[PDB]
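2 protein chains.
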Amino acid sequence: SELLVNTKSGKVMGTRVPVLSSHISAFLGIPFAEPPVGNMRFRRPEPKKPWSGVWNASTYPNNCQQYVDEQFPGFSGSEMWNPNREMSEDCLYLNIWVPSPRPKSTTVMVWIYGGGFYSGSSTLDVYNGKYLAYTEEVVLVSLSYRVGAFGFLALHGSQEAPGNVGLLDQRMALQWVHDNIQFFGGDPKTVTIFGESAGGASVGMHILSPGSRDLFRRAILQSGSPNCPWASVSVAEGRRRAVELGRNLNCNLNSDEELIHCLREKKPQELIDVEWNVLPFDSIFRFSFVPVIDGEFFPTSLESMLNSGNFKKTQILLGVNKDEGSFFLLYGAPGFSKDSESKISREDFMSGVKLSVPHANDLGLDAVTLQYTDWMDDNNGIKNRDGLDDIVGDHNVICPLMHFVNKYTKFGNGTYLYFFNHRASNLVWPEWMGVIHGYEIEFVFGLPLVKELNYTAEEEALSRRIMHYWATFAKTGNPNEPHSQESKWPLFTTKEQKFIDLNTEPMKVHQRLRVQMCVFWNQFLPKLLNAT
Amino acid sequence: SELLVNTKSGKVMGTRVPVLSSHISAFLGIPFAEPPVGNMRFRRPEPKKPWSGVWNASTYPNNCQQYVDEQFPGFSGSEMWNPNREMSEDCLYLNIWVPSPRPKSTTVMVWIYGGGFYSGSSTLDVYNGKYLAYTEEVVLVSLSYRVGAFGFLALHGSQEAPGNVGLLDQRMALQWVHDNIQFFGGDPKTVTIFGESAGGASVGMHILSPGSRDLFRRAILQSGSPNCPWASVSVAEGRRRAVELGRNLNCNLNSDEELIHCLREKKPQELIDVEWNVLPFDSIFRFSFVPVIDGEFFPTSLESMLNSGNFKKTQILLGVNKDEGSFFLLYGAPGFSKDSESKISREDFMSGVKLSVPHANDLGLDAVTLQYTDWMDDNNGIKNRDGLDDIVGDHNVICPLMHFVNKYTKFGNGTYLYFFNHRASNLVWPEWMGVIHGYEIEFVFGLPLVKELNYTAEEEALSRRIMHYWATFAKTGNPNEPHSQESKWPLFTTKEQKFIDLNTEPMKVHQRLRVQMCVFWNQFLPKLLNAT
Ligand SMILES: COc1cc(CNC(=O)CCCCCCNc2c3c(nc4cc(Cl)ccc24)C[C@H]2C=C(C)C[C@@H]3C2)ccc1O
Ligand SMILES: COc1cc(CNC(=O)CCCCCCNc2c3c(nc4cc(Cl)ccc24)C[C@H]2C=C(C)C[C@@H]3C2)ccc1O
């Protein structure tokens, strides 16, 4: 009845789940695409053919095939991001949480997981949608999409491995929401897509792509934007990395058809095992198989589309965390450790900036170094560590996003910008990592509202504020409730460039988020590298 | 008797001058060279031929031919720098102040005036040597040398206008001191040369030049150093500017001999009137006729001599003023005024950096701008004004001197570094100009001891401390009197890089004078300009 829904593709049976003191409806693992397996590996997705009978949607689906982190086995701080279900190429499913009783036609939010386009799962604990759907009375969807070579191997000109098929996976789930969410009590005219990291970049890519714009109303971008340096490659570089993946696996490289035929014969773990080997440089915050600027999903270069206003004009809400860089330094740069303060020598600092800006020449590396070194105190291990942290986060997340913010606001219909700088009281990662890449998500999804997770009362109130900002923005295009007496999150404007902090303290309005370093990263350094 | 002195060139009769409550002997206007007139214009100096009878040395000599500032007619702040005697090409004379009674063989200090190599006189009120000679019981000499085209027209390969002849004028006065100062009670084995601005660059150039090294014992450099970007040119640029001087005056330009012959026919003021026209760029802190890197007075490039230790190894004392740049901005940059606070617009700020770094490409101008602009507050007219002030002083005086200081200290026998930042109580220049280029000289020469000049008691104390540091350094190679109870000015070392402030407060020791900006000016910007 409430749990039995007839969709355009067939019937689905959800399940009644507890949430806090109440209950909500959950429809877990609904298929939206044909399994992209066998001869369909690397191909564009195809709509799921209708089924007879009742699809049992009481259970999370498989996760897509991906690299699995084993750096800290058993450590909750890293395991919380690993697949918590069996991995399978049969992984194109979505999950829906619907308030009980079913609303008539309420706001829809569609979550797009991040993970550098090489990892991510819709089924992670931290993406459990019941708290946001319950508390804010929205219909919450989480989609999935192929990652790694399965989603983004790009042999442009081939229609068997064209590239971007993971983005087309996301679009197909959006098309499914457009076509079916009304049967779950959602309004298909009021859909907000939101995501973090590669999911935030993805959200911005759908803003850019003509083939995506009519499938959602407005957008939220968390710690990611479509113009980030790690988020796309040229057709030439995607082709180089695909050929190099074949070479690592002794594939016939004579032609696209032969290379593709060889790669379709490999077991999924065989591709994953060599995935990192195709990167052109020793680097951090760089991923092998990512969206390709192809002329079809993206009509022209991202910058030209941004300059001409060739993108969906709507309202956006977006922001960054204080220490986006620490996670990537922990995993890939010398001198960093989970169990120490990680004071960074001068030698390791220099090694770090080379890894963080792998595409720079020697003059470029000197410019970065000078911009972030205190030459009154250059042997300070704390300042060297924090300076590397700022380099990674500024270059890869904050300044690309601020470039997007400024370009979008010229043509958009409303921008709201945040800076999340709260370090959770129960964080299991050490102090030096600060406010980590990914660790705003738990507040967005209302995990502080769960008593046994041991957040403070102030953190529950912060999560509730953030959920209400997100859902109110999704409903109306404005995170603020009218006639309310709390402080108002102001519009970001071209002239005043205002943003807010998100933390447990009363709201402060600031202007020009990290403007000094982002002039360096968005204007001077690109000019220097283009001139040298 | 006391006033009658027989020198190797002939007898001189000095004069008894009052000084504070006492008297000392002055020998004013002694010739040390043949008049460099007629066919000797642009030529190396020749020793003064011996004369019969008594040279009346009771009167200041003429000043050399030079551009005369008429920007603020009658204003004491600018006219204190103008020739206070008749100008003449017959100007190669020196002045001596001798304690009374005549010492047996005491320390000698020789003053070399600055003025951009285009102006300067030994006879200015602020260079009056009687206060320092009386108070510190030294024999004080001030020399003269040809400036502008008359001293530094350079047509390399010609022996008629070889270049650097003003530096040879200085050398010949030093040779005269070496041969004759014993007859005035001075010890030719304890001669300190000191100078400000171009005089300070000159001092450093005598340290470098083999033909100068044996004519003095140690050296003091004030707000100038031999490697300053304004202090020398290549033989090719020197030749180009000499040929452009001829073109401005309708000279035959077919050979050195005809060009030189044409220029020797001109009245002195005809050369002066077109002097500034030969500069390659619109600029500030750039001067037309300066030393040439010639392979003779300087064996190789100044940077290679500094790197190899090819210079005199002795003790040096040197330093800079807090606002070296303001005088040059007042006279040559848009938005600056003697009679206003000179808040600088963004447009005028950008005009100023182009004038301040005239040799930079657009990439280099962007680099300077970013290094000195607060992009949270870029329309702040005070920050824009002070930033341009810092650019001029850092680029032209402070960071060249710090490069010299660090290179020299690797090989020398003792370095003492100061930062003069006292703004005089009776300054006639506006407050935005701060601590001006040239305005430590009056403290070095003891003017605050003259009650009529209306300095404070603390400024008299400051002048007495500085005169004692300078003379004790001249005497011993160390500004400090060991066994005394005063705060000790420490050696500058390669590792610790210590320096003191000079002002009316108790002594503060600091380290790494303006190290952050000087890394930009001495390492990064030249590498950027060399790549592009
Ligand atoms: C070849 O280069 C390297 C490759 C690797 C392989 N390992 C990795 O890239 C990182 C391990 C896989 C992802 C770890 C779990 N994912 C996390 C994620 C996030 N934040 C994390 C924060 C911390 Cl402190 C720890 C893990 C986070 C936030 C989101 C973004 C990403 C990219 C993955 C995932 C979701 C390690 C070192 C290297 O030098
Ligand atoms: C080619 O560019 C320009 C050229 C000129 C030509 N005029 C000048 O450069 C100024 C002419 C000399 C007038 C000042 C010389 N005296 C000063 C001197 C010093 N400090 C001064 C400080 C102030 Cl506030 C005022 C004068 C000072 C310190 C010493 C150093 C110099 C260069 C000359 C003299 C001694 C004017 C505007 C321009 O844009």
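Protein sequence lines correspond, in order, to chains C and L.
So the number in the UniProt record's numbering is just where the residue sits in the first sequence, counting from 1, plus 24.
So the number in the UniProt record's numbering is just where the residue sits in the second sequence, counting from 1, plus 24.
For every residue, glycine included, the Cβ atom is placed at its ideal position computed from N, Cα and C.
- The nearest non-hydrogen atom of ligand 1 is 8 Å or more from the C-beta of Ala384 (chain L).
- When distances are taken from the beta-carbon of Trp135 (chain C) to the heavy atoms of ligand 1, even the shortest one reaches 8 Å or more.
- For ligand 2, a non-hydrogen atom lies closer than 8 Å to the CB of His461 (chain L).
- DSSP, reduced to helix, strand and coil, places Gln246 (chain L) within a strand of the structure shown.
- Flagged as an interface residue toward chain C: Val539 (chain L), by a C-beta distance shorter than 9 Å.
- Counting the other Cβ atoms within 10 Å of the Cβ of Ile136 (chain L) gives 16 or more, which makes it buried.
- Under the three-state reduction of DSSP, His461 (chain C) is assigned to coil, being neither helix nor strand.
- The C-beta of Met37 (chain C) comes no closer than 9 Å to any C-beta of chain L.
- Relative to ligand 1, the nearest heavy atom lies less than 8 Å away from the CB of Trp453 (chain C).
- Look at the segment 524-552 of chain C: the residues with a C-beta under 7 Å from a C-beta of chain L are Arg536, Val539, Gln540, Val543, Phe544, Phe548, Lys551 and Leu552.
- At least 9 Å separates the CB of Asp297 (chain C) from every CB of chain L.
- Neighbourhood of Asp390 (chain C) in chain L, by CB distance below 7 Å: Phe548 and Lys551, in chain order.
- Counting C-beta pairs closer than 8 Å gives fewer than three between the segment 127-134 of chain C and the segment 390-405 of chain C, which falls short of the contact rule.
- The closest CA to that of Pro253 (chain L), considering only L:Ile217, L:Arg263, L:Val316 and L:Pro212, is found on L:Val316.
- Between the segment 54-73 of chain C and the segment 89-98 of chain C there are fewer than three C-beta pairs closer than 8 Å, too few to call the two in contact.
- Per DSSP, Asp414 (chain L) is one residue of the alpha helix (DSSP H) stretching across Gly405 to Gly417.
- By the Cβ test, the segment 166-176 of chain L is not in contact with the segment 525-535 of chain L, since fewer than three Cβ pairs between them sit closer than 8 Å.
- Between the segment 540-547 of chain L and the segment 453-465 of chain L there are fewer than three C-beta pairs closer than 8 Å, too few to call the two in contact.
- Annotated three-state conformation of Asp149 (chain C) is helix, per DSSP.
- Within the segment 304-376 of chain L, the beta strand (DSSP E) runs of at least 3 residues that lie entirely inside it are, in chain order, 340-345.
- Taking a 10 Å sphere around the C-beta of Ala50 (chain C), we find 16 or more other C-beta atoms and assign the residue as buried.
- Under DSSP, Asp525 (chain C) shares a beta bridge with C:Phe443.
- Counting only runs that start and end inside the segment 463-515 of chain L, the alpha helix (DSSP H) elements of at least 4 residues fall at 465-468 and 481-500.
- Close to chain C, meaning a Cβ-Cβ distance shorter than 7 Å, are the following residues of the segment 399-419 of chain L: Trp399 and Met400.
- At least one CB atom of chain C sits nearer than 9 Å to the CB of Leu387 (chain L).
- A check of alpha carbon separations from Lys32 (chain L) across L:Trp79, L:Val41 and L:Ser45 identifies L:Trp79 as the nearest.
- In this structure the segment 240-257 of chain C lies against the segment 417-436 of chain C, because at least three pairs of beta carbons, one per stretch, are closer than 8 Å.
- At least 9 Å separates the beta-carbon of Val201 (chain C) from that of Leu283 (chain C).
- The Cβ atoms of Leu52 (chain L) and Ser82 (chain L) lie closer than 9 Å to each other.
- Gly77 (chain C) and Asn86 (chain C) have their C-alpha atoms some 21 Å from each other.
- Within 8 Å of the C-beta of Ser307 (chain C) there is at least one heavy atom belonging to ligand 1.
- Contact with chain L is found for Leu394 (chain C), since one of that chain's Cβ atoms lies less than 9 Å from the residue's Cβ.
- Boundaries of the beta strand (DSSP E) around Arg40 (chain L): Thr39 to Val43.
- Runs of the alpha helix (DSSP H) spanning 4 or more residues and lying entirely within the segment 160-198 of chain C occur at 172-176, in chain order.
- In the pairwise beta carbon analysis, the segment 355-363 of chain L is classified as not touching the segment 255-270 of chain L: fewer than three pairs are separated by under 8 Å.
- Excluding sequence positions up to five before and after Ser145 (chain L), its CB lies within less than 6 Å of the CB of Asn87 and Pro107, all in the same chain and listed in chain order.
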